[PDB]
$ cat query03.txt   # compact mmCIF, C-alpha atoms
# COMPACT_ATOMS: atom_id res chain seq x y z
CA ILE A 20 107.90 115.54 35.58
CA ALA A 21 109.10 118.38 37.81
CA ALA A 22 106.49 117.81 40.52
CA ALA A 23 108.40 119.77 43.14
CA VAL A 24 105.94 122.30 44.52
CA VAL A 25 107.65 122.22 47.90
CA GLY A 26 111.21 121.27 48.65
CA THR A 27 112.63 124.36 50.25
CA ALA A 28 114.04 124.59 53.77
CA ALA A 29 113.00 121.09 54.82
CA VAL A 30 113.75 119.60 58.23
CA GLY A 31 117.00 117.68 58.15
CA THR A 32 117.43 116.22 61.61
CA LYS A 33 121.09 115.43 62.22
CA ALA A 34 121.85 112.85 64.89
CA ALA A 35 124.86 112.89 67.19
CA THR A 36 127.11 110.30 68.80
CA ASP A 37 128.45 110.72 72.33
CA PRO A 38 132.26 110.57 72.51
CA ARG A 39 132.06 109.80 76.22
CA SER A 40 128.78 108.90 77.89
CA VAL A 41 130.69 108.75 81.17
CA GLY A 42 134.26 109.48 82.22
CA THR A 43 135.34 107.42 85.19
CA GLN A 44 132.48 105.12 86.11
CA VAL A 45 133.43 102.33 88.48
CA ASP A 46 131.01 99.98 90.21
CA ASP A 47 131.63 96.59 91.79
CA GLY A 48 128.11 95.44 90.97
CA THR A 49 127.85 97.10 87.55
CA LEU A 50 131.15 95.54 86.46
CA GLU A 51 130.12 92.18 87.93
CA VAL A 52 126.77 92.37 86.15
CA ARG A 53 128.10 93.47 82.75
CA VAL A 54 130.78 90.77 82.58
CA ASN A 55 128.35 88.15 83.91
CA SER A 56 125.85 89.14 81.24
CA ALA A 57 128.50 88.98 78.51
CA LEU A 58 129.82 85.62 79.74
CA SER A 59 126.30 84.20 79.62
CA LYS A 60 125.80 86.01 76.30
CA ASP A 61 128.47 84.08 74.43
CA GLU A 62 126.94 80.68 74.03
CA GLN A 63 130.09 78.67 73.39
CA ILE A 64 131.78 80.48 76.29
CA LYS A 65 128.93 79.24 78.50
CA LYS A 66 128.70 76.00 76.52
CA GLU A 67 131.89 74.24 77.47
CA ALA A 68 133.41 76.94 79.62
CA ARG A 69 132.35 78.69 82.79
CA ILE A 70 134.20 81.61 84.29
CA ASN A 71 133.26 83.19 87.60
CA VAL A 72 133.34 86.90 88.32
CA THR A 73 134.40 88.71 91.46
CA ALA A 74 134.56 92.50 91.35
CA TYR A 75 135.76 94.75 94.15
CA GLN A 76 137.04 98.33 94.54
CA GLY A 77 136.86 98.87 90.78
CA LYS A 78 139.07 95.97 89.78
CA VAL A 79 137.88 92.54 88.74
CA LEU A 80 139.16 89.05 89.41
CA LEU A 81 137.96 86.18 87.26
CA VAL A 82 138.46 82.48 87.94
CA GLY A 83 136.93 79.51 86.19
CA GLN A 84 137.04 76.38 84.10
CA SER A 85 137.42 76.11 80.33
CA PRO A 86 138.46 73.49 77.74
CA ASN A 87 139.95 76.23 75.58
CA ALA A 88 141.93 79.38 76.28
CA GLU A 89 140.04 80.96 73.37
CA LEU A 90 136.81 80.81 75.35
CA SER A 91 138.04 82.22 78.64
CA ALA A 92 140.22 84.97 77.13
CA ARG A 93 137.58 86.02 74.62
CA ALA A 94 135.08 85.99 77.48
CA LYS A 95 137.15 88.43 79.53
CA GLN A 96 137.83 90.90 76.71
CA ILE A 97 134.24 90.84 75.44
CA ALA A 98 132.79 91.00 78.96
CA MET A 99 134.47 94.09 80.37
CA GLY A 100 136.21 95.74 77.43
CA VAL A 101 136.46 99.35 78.52
CA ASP A 102 134.07 100.26 81.36
CA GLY A 103 135.33 101.20 84.80
CA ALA A 104 137.56 98.12 85.05
CA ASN A 105 140.75 99.37 86.70
CA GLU A 106 142.58 96.04 86.79
CA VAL A 107 141.63 92.59 85.51
CA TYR A 108 143.10 89.38 86.88
CA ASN A 109 141.97 86.15 85.24
CA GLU A 110 142.88 82.63 86.38
CA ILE A 111 141.55 79.67 84.43
CA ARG A 112 142.46 76.11 85.39
CA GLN A 113 143.04 75.26 81.73
CA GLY A 114 146.17 74.49 79.74
CA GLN A 115 149.54 73.62 81.24
CA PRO A 116 152.02 75.10 83.75
CA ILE A 117 155.28 76.76 82.73
CA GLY A 118 157.29 73.93 84.23
CA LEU A 119 157.16 70.80 86.37
CA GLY A 120 159.35 72.32 89.05
CA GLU A 121 157.16 75.37 89.52
CA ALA A 122 154.02 73.22 89.46
CA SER A 123 155.30 70.94 92.20
CA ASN A 124 156.39 73.95 94.24
CA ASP A 125 153.16 75.89 93.61
CA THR A 126 150.91 73.44 95.41
CA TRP A 127 153.45 72.68 98.13
CA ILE A 128 154.03 76.34 99.03
CA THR A 129 150.35 77.17 98.55
CA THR A 130 149.50 74.22 100.78
CA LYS A 131 151.61 75.32 103.78
CA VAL A 132 150.55 78.96 103.51
CA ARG A 133 147.01 77.58 103.24
CA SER A 134 147.43 75.56 106.43
CA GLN A 135 148.78 78.50 108.43
CA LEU A 136 146.38 81.08 106.96
CA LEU A 137 143.41 78.76 107.50
CA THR A 138 144.05 78.92 111.25
CA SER A 139 142.52 82.40 111.11
CA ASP A 140 138.73 82.07 111.30
CA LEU A 141 138.33 85.59 109.95
CA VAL A 142 139.97 84.72 106.65
CA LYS A 143 138.13 82.41 104.29
CA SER A 144 139.72 80.45 101.46
CA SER A 145 137.09 81.81 99.07
CA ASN A 146 137.72 85.36 100.32
CA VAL A 147 141.38 85.55 99.35
CA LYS A 148 143.09 84.28 96.21
CA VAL A 149 146.34 82.38 96.72
CA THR A 150 148.27 81.19 93.68
CA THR A 151 151.91 80.24 93.13
CA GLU A 152 153.45 80.48 89.66
CA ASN A 153 157.08 80.16 88.47
CA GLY A 154 158.13 80.44 92.11
CA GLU A 155 156.37 83.70 92.86
CA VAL A 156 153.33 83.70 95.13
CA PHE A 157 150.37 85.90 94.32
CA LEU A 158 147.75 86.78 96.91
CA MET A 159 144.71 88.90 96.13
CA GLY A 160 141.35 90.05 97.38
CA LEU A 161 139.48 92.25 99.81
CA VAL A 162 139.91 91.32 103.50
CA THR A 163 140.30 93.18 106.78
CA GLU A 164 143.64 93.90 108.46
CA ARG A 165 143.45 90.63 110.38
CA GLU A 166 143.23 88.44 107.27
CA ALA A 167 145.62 90.77 105.45
CA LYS A 168 148.28 90.54 108.15
CA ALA A 169 147.71 86.78 108.30
CA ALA A 170 148.37 86.37 104.57
CA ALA A 171 151.45 88.60 104.63
CA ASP A 172 152.64 87.00 107.88
CA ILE A 173 152.66 83.46 106.54
CA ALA A 174 154.08 84.54 103.19
CA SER A 175 157.00 86.10 105.06
CA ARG A 176 157.81 83.44 107.67
CA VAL A 177 157.56 80.59 105.16
CA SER A 178 161.04 80.46 103.68
CA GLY A 179 161.66 79.30 100.14
CA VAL A 180 159.61 81.83 98.24
CA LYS A 181 161.82 83.79 95.84
CA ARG A 182 159.20 86.51 95.33
CA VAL A 183 155.72 87.26 96.63
CA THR A 184 153.09 89.73 95.44
CA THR A 185 150.28 90.63 97.81
CA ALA A 186 147.34 92.84 96.88
CA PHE A 187 145.86 92.90 100.37
CA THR A 188 142.97 95.33 100.38
CA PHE A 189 141.17 96.19 103.63
CA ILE A 190 137.45 95.52 104.04
CA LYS A 191 135.85 98.16 106.33
CA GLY A 192 138.15 97.49 109.27
CA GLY A 193 136.26 99.67 111.69
CA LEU A 194 135.54 102.63 109.41
CA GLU A 195 133.59 105.19 111.41
CA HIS A 196 130.61 106.61 109.55
CA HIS A 197 131.11 110.21 110.58

$ encode --input "query03.txt" --output "structure tokens"
Amino acid sequence: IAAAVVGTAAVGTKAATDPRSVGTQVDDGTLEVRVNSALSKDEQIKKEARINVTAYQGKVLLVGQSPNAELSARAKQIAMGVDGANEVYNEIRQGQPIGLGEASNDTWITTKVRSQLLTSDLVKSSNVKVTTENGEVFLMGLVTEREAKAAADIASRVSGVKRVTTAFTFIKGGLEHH
């Protein structure tokens, strides 16, 4: 039965999809929150694994404990994906080193730089990341010029290091508000 009295010029609402909701959107807290939420979202990731988030200046550093690389790696990628994250550095104390020689040297070198850096009351062990791998020393985190110079100082006067990378970023060292 052709029961079509009306069917002319109906309202066909067409929906759209935003290509880019935002362009460059960086936030220490927002990034920290989104990855935290995602980490706690994945049950198995928060079941046997636990990764900790530290975000600063637009880049994120993650450190934690996991019984599987699958959990920690999947956590990272799922957590941030694409969203303001400028650089992502993840250290999990899971798996094995690249060699025995590097492993022995890592803790030894890290230990002496620790001792000398620790003398500075302004620099806290949980404020700066020190890690030695393969023979190269990596230092990271936001600190003022005092802690920054302390880290670089010790890394330079301690001989033996074949290569050292230092992402010393300065936390409001003075910074006039005018």

$ atom_distance --input "query03.txt" --atom1 "CA of residue 187 (chain A)" --atom2 "CA of residue 167 (chain A)"
5.5 Å

$ closest_residue --input "query03.txt" --among "A:135, A:175, A:184, A:55" --to "residue 158 (chain A)" --atoms "all atoms listed in the file"
A:184

$ residues_around --input "query03.txt" --residues "residue 101 (chain A)" --least-positions-apart "3" --cutoff "12 Å" --atoms "all atoms listed in the file" --output "PyMOL selection string"
chain A and resi 39+41-45+50+53-54+95-98+104-107

$ closest_residue --input "query03.txt" --among "A:102, A:51, A:152, A:195" --to "residue 120 (chain A)" --atoms "only C-alpha atoms"
A:152

$ atom_distance --input "query03.txt" --atom1 "CA of residue 171 (chain A)" --atom2 "CA of residue 183 (chain A)"
9.2 Å

$ atom_distance --input "query03.txt" --atom1 "CA of residue 74 (chain A)" --atom2 "CA of residue 157 (chain A)"
17.4 Å

$ residues_around --input "query03.txt" --residues "residue 108 (chain A)" --least-positions-apart "5" --cutoff "10 Å" --atoms "all atoms listed in the file" --output "VMD selection string"
chain A and resid 73 78 to 82 95 159

$ write_last_selection --input "query03.txt" --atoms "C-alpha atoms" --output "PDB file, keeping the file's coordinate frame"
ATOM      1  CA  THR A  73     134.400  88.710  91.460  1.00  0.00           C
ATOM      2  CA  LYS A  78     139.070  95.970  89.780  1.00  0.00           C
ATOM      3  CA  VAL A  79     137.880  92.540  88.740  1.00  0.00           C
ATOM      4  CA  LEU A  80     139.160  89.050  89.410  1.00  0.00           C
ATOM      5  CA  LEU A  81     137.960  86.180  87.260  1.00  0.00           C
ATOM      6  CA  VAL A  82     138.460  82.480  87.940  1.00  0.00           C
ATOM      7  CA  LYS A  95     137.150  88.430  79.530  1.00  0.00           C
ATOM      8  CA  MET A 159     144.710  88.900  96.130  1.00  0.00           C
TER       9      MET A 159
END

$ residues_around --input "query03.txt" --residues "residue 163 (chain A)" --least-positions-apart "3" --cutoff "10 Å" --atoms "only C-alpha atoms" --output "ChimeraX atom specification"
/A:141-142,160,166-169,187-193

$ closest_residue --input "query03.txt" --among "A:110, A:92, A:47, A:131" --to "residue 148 (chain A)" --atoms "all atoms listed in the file"
A:110

$ closest_residue --input "query03.txt" --among "A:76, A:49, A:32, A:84" --to "residue 161 (chain A)" --atoms "only C-alpha atoms"
A:76

$ closest_residue --input "query03.txt" --among "A:62, A:114, A:72, A:100" --to "residue 86 (chain A)" --atoms "only C-alpha atoms"
A:114

$ closest_residue --input "query03.txt" --among "A:28, A:88, A:186, A:197" --to "residue 162 (chain A)" --atoms "only C-alpha atoms"
A:186
